[PDB]
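# An overview of the molecular structure
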Amino acid sequence: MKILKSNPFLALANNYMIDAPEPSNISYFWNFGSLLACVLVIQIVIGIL
Amino acid sequence: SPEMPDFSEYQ
Amino acid sequence: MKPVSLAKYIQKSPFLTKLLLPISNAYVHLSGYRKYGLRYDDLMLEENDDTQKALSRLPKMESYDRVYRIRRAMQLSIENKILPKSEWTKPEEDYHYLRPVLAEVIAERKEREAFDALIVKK
Amino acid sequence: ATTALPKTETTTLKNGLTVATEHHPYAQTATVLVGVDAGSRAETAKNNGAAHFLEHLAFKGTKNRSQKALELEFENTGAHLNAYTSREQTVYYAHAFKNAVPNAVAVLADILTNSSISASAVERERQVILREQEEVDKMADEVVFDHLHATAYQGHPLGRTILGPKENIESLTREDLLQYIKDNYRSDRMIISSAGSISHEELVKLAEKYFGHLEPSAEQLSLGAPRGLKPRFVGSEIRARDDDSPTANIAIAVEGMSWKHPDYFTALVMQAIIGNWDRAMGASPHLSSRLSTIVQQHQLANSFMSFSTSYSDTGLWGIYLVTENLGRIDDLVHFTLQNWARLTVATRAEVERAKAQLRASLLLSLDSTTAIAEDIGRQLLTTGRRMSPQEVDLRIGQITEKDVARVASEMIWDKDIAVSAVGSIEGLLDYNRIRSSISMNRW
Amino acid sequence: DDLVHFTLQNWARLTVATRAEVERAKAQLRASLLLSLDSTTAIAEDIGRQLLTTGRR
Amino acid sequence: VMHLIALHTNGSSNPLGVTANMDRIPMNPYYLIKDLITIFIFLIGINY
Amino acid sequence: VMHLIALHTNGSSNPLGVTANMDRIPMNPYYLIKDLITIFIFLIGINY
Amino acid sequence: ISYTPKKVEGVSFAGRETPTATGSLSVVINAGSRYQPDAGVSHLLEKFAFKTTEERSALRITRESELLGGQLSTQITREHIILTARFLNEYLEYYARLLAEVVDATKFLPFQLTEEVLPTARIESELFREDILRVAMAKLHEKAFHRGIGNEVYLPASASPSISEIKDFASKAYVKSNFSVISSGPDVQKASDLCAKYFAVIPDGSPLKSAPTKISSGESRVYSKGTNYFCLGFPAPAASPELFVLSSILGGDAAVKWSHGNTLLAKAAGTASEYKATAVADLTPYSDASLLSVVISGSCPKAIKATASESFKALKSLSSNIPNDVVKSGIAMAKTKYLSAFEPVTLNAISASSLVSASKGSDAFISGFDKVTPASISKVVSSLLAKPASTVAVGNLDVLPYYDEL
Amino acid sequence: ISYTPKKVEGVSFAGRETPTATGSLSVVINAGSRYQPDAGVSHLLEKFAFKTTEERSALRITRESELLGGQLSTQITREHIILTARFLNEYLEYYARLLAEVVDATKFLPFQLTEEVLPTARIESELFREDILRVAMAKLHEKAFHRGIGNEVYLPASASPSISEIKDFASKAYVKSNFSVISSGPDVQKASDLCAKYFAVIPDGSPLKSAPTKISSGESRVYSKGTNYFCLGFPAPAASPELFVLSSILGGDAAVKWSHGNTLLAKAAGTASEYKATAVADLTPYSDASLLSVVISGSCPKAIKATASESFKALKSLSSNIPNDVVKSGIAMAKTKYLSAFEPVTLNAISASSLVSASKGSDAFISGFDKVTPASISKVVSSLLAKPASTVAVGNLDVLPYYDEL
Ligand SMILES: COC1=C(OC)C(=O)C(C/C=C(/C)CC/C=C(\C)CC/C=C(\C)CC/C=C(\C)CC/C=C(\C)CC/C=C(\C)CC/C=C(/C)CC/C=C(\C)CC/C=C(\C)CCC=C(C)C)=C(C)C1=O
Ligand SMILES: CCCCCCCCCCCCCCCC(=O)OC[C@H](COP(=O)([O-])OCC[N+](C)(C)C)OC(=O)CCCCCCCCCCCCCCC
Ligand SMILES: CCCCCCCCCCCCCCCC(=O)OC[C@H](COP(=O)(O)OCCN)OC(=O)CCCCCCCCCCCCCCC
Ligand SMILES: CCCCCCCCCCCCCCCC(=O)OC[C@H](COP(=O)(O)OCCN)OC(=O)CCCCCCCCCCCCCCC
Ligand SMILES: [Zn+2]
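- For this deposited structure, the header cites cryo-EM as the method used and 3.4 Å as the resolution.

Here it is, written out as structure tokens:
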């Protein structure tokens, strides 16, 4: 068994970001969540500064 | 198999 | 809960059926699932106990054909295309291959839905 | 031309010996039973296990006839004979062809009233008793029930095993058995009953001929009356872990109702409400019990049975679960106790269905003459009369849903339990978590 | 997936192979190239294939 | 985080609206590069 | 939170230092009440 | 006491009047494992009892019977399929209607076979296979008779008949000329009228035809680590009172509860291995054949071998002459057992054979017990020992004997 | 091409000279399933070969053999235990030393048995049980010979011998007087010297004792849904050239690749079922017994039955008057078929059986082929058909025939 499927934290990362079954025909309208996360991170950092 | 231990002290 | 389509009420009066047939034909043409070759019964949701049980009571050939139809539709939707005008689903092949089984399962479940509520009138 | 169920007559022989017969006109076989109201409760800490030893030694010779003169007196005429003992009564019954009973009765009387126990016979039967005790440990049901009885009424004579301790078996002498005969075999506490093709008058004549010499007991009491202190129900737990057993047997019980309690048939009705189940049953998915449905859908166990064992001054009321899905035992226990607690708000259709099922099943388990004779003997031994079916129907009819709710609230709702587990019980949670499920918190 | 990943990893590792593994493989191959021929049919087939594919045995 | 952990138990939908259990691909090589275009487009939008 | 997650995968130790995979009990209510006494004692101290 | 045959509206009836408060109704269909076309069809057809009929679903049949307080049971033998239902006497008409509907219209839904029927058959077959003694007896039955009644009653693990085969067999078997009706309620005339009125819509087909039984011999062996068994088997013609008398004379089971016994087998075991191996014998009647078997069990293979040799010698000793007292004891015991095999309302292997045969099954059979003489038993034993017997050995095979070493 | 036995230092030897670059070394031991004390002991004892000895662990043995470039292979059969080692000619001394050490001193560690030996034996047993033809032939052997070679070879699924039993069986089975050493390298004198030097400290025990084989007959029936099978088995005494010529006369396969053949069985199949059921005959020679078997296989049961009947009729007619040309062709084919079994280095039934008995072996056994007359074959055939044969049926049992209906 590979490391990414054995260590707890790496397994947590892998189950959500690396190995996760997804529909194979989702359009470009399914990317807005990542944009929301990036904007939220930018807001948090800029507000802290 | 043994007998029942006496629990009368804590009852 | 569940769809509440009232086509049975309309079909009692032949006047309404004769008047509404062209509108229904135009609406079914406009919905445009035939362009992907799918049958109407492939679009119903299968995430509850009733539909998951009904899908297990289908003939094997029907299940394999449904799997092929859904796979072809997904592959078509990946690259944003449709089937040519000769391979569209004809009206002859657009029949109800899932409604009777689901109705039977719902009737069985409804059957039990009565013994528990039974009361004694004395 | 419809015929009717034959009533059971009853007479006393000026000595307390009660005889009950259910004549069957067109019958070819017959059964004669002789029971005594003295089980394993009358024993003490020293002479425990004397009842089973005494029963084992009955068919080994008398003063008149010796061994190999009893078998040749029974095998020749085609007459089976058998006996067994319980925690409160011991029984003897012999069945033979229509013409062979009038001699089986005489031989049974000769065996019971008169006897001879030799030291050689005891020294021979000791090894047989030891082998029986060594064998009995293998069966799961007997071990589980014995442990439950020991852990429920701990410290009381009702909490011992019928076989007795292994140490006592190799120490009993003939004097203790003779004392048991002299004390607990009396005409006030004995009974005969037949349920075959032998007429009541003929049985009365045979009983007067071969039993009219017994001495009534000094303490002239009734039949089935309590004798001693009322045992105290003590909630506890016993875990006999064994990791090599594929299954895991668990028994959970609460305090039940005695034979004379005015809430007997209500407890029976609730037991019928819970019912029993088995994975091999043809109609398993279609049972009308919530516990059956929830267990079957998730395959939480292999089977379960509900019992209502009752004694003279106490009883037990619970369930016996056998499971093979090690890992979901806690779910099974929680759901079982939740369904137990739900009886406080039971509906009216469930009560009627259980009443009908109990009325059907009460008088449907008596087909052979042996079963009818045993039922007559037990019913006369415990209470003192054999209730007519009209009385049973009237008593069952009085039951309503509010009586069930009251009994479940006063007996099951948040009360102490006594459990006993055997096998692979690693997944069975501890006592407090088990008990917490017997009282629902939503209300 | 784990099986395929480990198989391809053991494939790719062969760029840093050690001397001992190479020696063991050489010995095993030399033994196996000769232990196969144990019948007249096998020898004839080997000779025919060698002559047909290369030109000489 | 609760949003994502609640979503992950059943997966995303598709434009067709039918079950997608028959055809699936892992997220690592494919959908980690289909989101880069949107990220760069958003950056070019916000920097202006 | 990561501390707790890392610890949960192997359990806690015991004073003897030997394995405790033979006699285990669930947290509640056996260890959800043992903490209340210490909570109240610390509350008394900080309040004084 | 004994069922009286009758025929009303082309239906075979057999009633009995008893003074009780309950009753019984059964149909004895001649569609057992003897007549099955393929393997396991009879078992699945029997398991389809009380399923969704044309007028009711399984839910109704179960829940409403529970509401009425009754028990429904089914049974499968090597020659019969029995559908029975016991009830309080107040509900005769409903259960007659239910049995008639189950027999006549029992629509076979394709999705029930894969959901409710097949797993039950698998579980039953596994439970039967776990029992060692039942497997040994089935193997002895298969070795003795060739294929008529020597088939396999239960469904093997490598069989899966289609619903079409079961439907065809049901359409060929469930006919008015291929079963009977057995009732033992407190009223007979009313039950007879009800059965005549209700069991009159099933089409009148023809009885199933099977070839006469073929008798042979053979020996099977198997290994086991637990207790060891060694079973003998003597195929015999149609059952007669002499055979029952002989089976009771051989004995093996004690009359008194805690004893050894004075029958030939008990004495043989006692003088052979000090009661370290027990030998019992019994007879299983059939439509046109019978099988008398001797079973020797224990944990010491040497003791089993010795007691088997002693029992075979004792059985061979019966061909010369028999003392009168042995004959009297055997007659008494056989009569007691035969009459006690009738008390329960459930049809066992003895009552069913008496009922199916219409030539004085029980009324004259009892009278034939008192006419047994030592000459008749000697002749029966002599005719039994002509052909060799069939043996099945379970356990240590290096000590368990063959037939030639007995 | 022929093994010439010797005896050096009280050790059986069998040398052979070949012009090859690779040798071999096999130790044939009389410890097969015929001599085992309990079920599965021989298989487990065979599995323990090449495990932790008294001088080097199993890991060391495997790594050393891998580094030296050699293959270590064992083989368990119904009457022997064979441990082989194929190698280049350089490492002959090392491999002889390793084999001698393995046979002489091999400590039995219980954890090794519970870890490696038992799972491998179980896996091999399941792999054998999956196949159908091998099970049929094993059952044919079981029904033909009562004990000895009639014992099951592989470990039963419900058995587990203790380590002490295997240890004592190995102690009383691995002795100088109970095995032989076979080498077929490019030099015999050097191999003989090395074998005498290293296989010399093993104690002079006693040969294992077994009773002479007892021959009987019987029929067994099993059920399956796939390809149907039907086998006939004729037990016979020790093998003679007449039996080999008869087996080659029966034939069954095709001389050229894509054809039907022209032997008796092929003609029978063609005339009966239009080549819808292939019939094949073969012979398995043992030390003091032999089994001439006919296997009829196909998918259509009716074709199987017709082919079986026609084949039995042809075999019966084979005893009347055999034409000379048939005998000539049979001898010509049998010579080649017997000789072709000696080219492979690994031993089979024929070579091992020839090597066990030193009276004839292979020097004079082949020479006797050319002195077979039709009268001898007719006498052998007529002697075979005196006692009843034995059958094993797999598939639909309602059509496959018993022996009385052939
Ligand atoms: C299958 O389907 C799904 C997909 O879809 C198809 C997916 O896409 C996804 C996968 C992708 C996602 C959408 C998941 C991601 C989304 C979320 C989980 C949303 C949650 C977002 C957050 C939790 C935001 C977190 C951001 C934080 C914590 C901001 C903090 C930043 C810093 C600590 C570093 C920046 C530094 C700052 C601001 C400080 C100022 C800078 C300095 C240099 C001064 C500070 C210096 C010091 C104090 C020195 C001392 C420092 C020390 C020692 C302390 C350590 C250092 C610190 C700075 C802390 C999922 C799951 C999926 O299901
Ligand atoms: C400064 C911010 C970035 C700082 C650096 C950020 C990147 C940090 C490293 C990337 C993330 C960590 C790697 C995660 C995947 C992994 O675990 O790879 C380890 C591999 C072996 O992993 P495996 O494929 O599963 O094989 C082992 C399987 N067994 C045999 C155990 C069954 O073993 C290997 O071959 C490699 C082991 C290396 C372990 C990480 C070392 C830490 C990095 C050192 C610095 C590298 C140089 C950096 C230059 C920029
Ligand atoms: C964070 C806390 C700060 C506030 C402190 C004050 C809280 C007031 C609580 C009042 C006393 C409890 C009465 C319940 C008694 C009861 O009902 O016990 C019943 C239950 C279960 O027993 P049973 O049903 O199986 O019994 C079976 C009967 N036959 O036991 C409990 O659930 C214990 C709950 C106690 C409260 C939780 C304390 C632990 C939280 C702190 C540790 C974790 C910190 C996490 C970070 C904050
Ligand atoms: C705004 C800032 C964003 C980051 C800036 C750009 C980062 C570098 C991008 C340029 C190089 C890309 C790698 C080329 C492909 C490759 O080389 O590898 C290919 C790998 C797949 O691996 P494979 O094994 O299948 O490859 C085949 C065999 N080797 O695909 C990638 O890794 C994609 C890298 C993109 C990084 C993630 C972008 C999406 C962010 C999602 C945010 C989710 C929420 C986050 C919340 C904080
Ligand atoms: Zn006893």
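### Notes on the pattern of salt bridges
All names here are of chain D.
- Taken as a whole, this structure holds 67 salt bridges over all chains when the rule is applied.
- The partner of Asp110 in a salt bridge is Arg65, and the shortest N-O contact between them spans 3.5 Å. In this pair, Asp110 is assigned in helix α3 (residues 101-113) and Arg65 in the loop between α1 (50-56) and α2 (71-74), connecting sequence segments 45 residues apart.
- A relative accessible area of 23% places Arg65 in the partly exposed class.
- Within this structure, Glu22, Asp375, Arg378 and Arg386 form a network of salt bridges that share partners.

### A closer look at the coordination of the zinc ion (ligand 5)
All names here are of chain D.
- Coordination of the zinc ion (ligand 5) by the protein comes from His52 (NE2), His56 (NE2), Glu132 (OE) and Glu132 (OE), over a distance range of 2.0 Å.
- Coordination at the zinc ion (ligand 5) comes from 4 donor atoms whose angles at the metal span 67 to 154°, giving a geometry best classed as irregular.
- In primary sequence terms, the donor set of the zinc ion (ligand 5) follows H-x3-H-x75-E. Of this pair, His52 and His56 both sit in helix α1, separated by 4 residues, roughly a single helical turn. Here the two residues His52 and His56 agree in accessibility, since each one is buried.

### Topic: the interface of chain D and chain H
- Chain D puts 46 residues into the contact, and the matching count from chain H is 38 residues.
- Here chain D and chain H share an interface that buries about 4100 Å² over both sides, 60% of which is from carbon and sulfur atoms.
- Among the residues chain D hides against chain H, the three largest losses belong to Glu75, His286 and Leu364 of chain D. Together they make up 18% of the total.
- In this structure, the connection of chain D to chain H is made through 1 salt bridge.
- With a shortest N-O distance of 3.7 Å, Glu90 of chain H and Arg359 of chain D are connected by a salt bridge.
- The tally of links between chain D and chain H comes to 10 residue pairs in polar contact.
- Counting residues per element, the ones that place at least two in the side of chain D that touches chain H are α1, α2, β4 (79-85) and α12 (349-362) of chain D.

### Here's the deal with unusual backbone geometry
- Following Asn28 of chain G, the chain continues into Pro29 of chain G via a peptide bond in cis, with omega recorded as -5°.
- Relative to the elements of secondary structure, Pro29 of chain G occurs in the loop between α1 (2-8) and α2 (34-47).
- Positive phi, normally seen in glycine, also occurs at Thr3 of chain D, with a value near 60°.
- As for its position among the elements, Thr3 of chain D is in the segment before β1 (9-12).
- Within the chain, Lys14 of chain D stands out as a residue other than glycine whose phi angle is a positive 60°.
- Inspection of the secondary structure assignment puts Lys14 of chain D in the loop between β1 and β2 (18-21).
- Given the relative accessible area of 69%, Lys14 of chain D is considered exposed.

### Comments concerning the site of ligand 4
Residue and element names in this part refer to chain F.
- The environment of ligand 4 is formed by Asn28, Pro29, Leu32, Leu36 and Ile39.
- The protein chains hide 37% of the 1100 Å² of surface that ligand 4 would expose on its own.
- Within the residue set of the shell around ligand 4, elements represented by two or more residues are α2 (27-30) and α3 (34-47).
- Looking at the shell around ligand 4 residue by residue, the classes come out as 4 nonpolar, 1 polar and no charged.

### Quick notes on the packing of aromatic side chains
- Tallied over the full model, the rule gives 36 aromatic pairs over all chains.
- Between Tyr338 of chain H and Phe369 of chain H, the ring centres sit 5.8 Å apart and the planes meet at 40°, which makes this aromatic pair tilted. With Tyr338 of chain H in helix α11 (residues 324-340) and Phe369 of chain H in the loop between α12 (351-356) and α13 (374-384), this pair connects stretches of sequence that are 31 residues apart. Across this residue pair, the class does not change: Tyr338 of chain H and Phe369 of chain H are buried.
- Every member of this aromatic cluster is reached through a ring pair, and the members are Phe244, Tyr338, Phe342, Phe365 and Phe369 of chain H.
- For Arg57 of chain C, the ring lying beneath its charged end belongs to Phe111 of chain H, and the centroid distance is 4.4 Å.
- Above the face of the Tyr97 of chain C ring, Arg69 of chain C is positioned so that its terminal group lies 5.6 Å from the ring centre.

Analysis parameters
Residues numbered from 1 in each chain as written, not as in the entry; some residues may be left out. Chains lettered and ligands numbered in written order. Part of a larger assembly, values for the part shown. Heavy atoms only, no water. Salt bridge = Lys/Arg side-chain N within 4 Å of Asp/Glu carboxyl O. Helix = DSSP H or I, 4+ residues; strand = E, 2+ residues; numbered from the N terminus. Buried < 20%, exposed > 50% of the residue type's maximum accessible area, 1.4 Å probe, protein only. Donors = N, O, S within 2.8 Å, 3.2 Å for Na, K, Ca; no water. Tetrahedral: all angles 85-135°; square planar, octahedral: opposite > 155°, others 65-115°. Contact = heavy atoms within 4.5 Å. Buried area = accessible area lost by both parts, 1.4 Å probe. Polar contact = N/O pair within 3.5 Å; in protein donor to acceptor, adjacent residues only side chain to side chain. Near = heavy atom within 4 Å. Areas by Shrake-Rupley, 256 points an atom, 1.4 Å probe, with all protein chains shown as cover. Nonpolar A, V, L, I, M, F, W, Y, C, P; charged D, E, K, R; others polar. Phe/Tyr/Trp six-rings, centres within 6.5 Å; stacked < 30°, edge-to-face > 60°. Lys NZ or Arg CZ within 6 Å of the ring centre and 35° of its normal.

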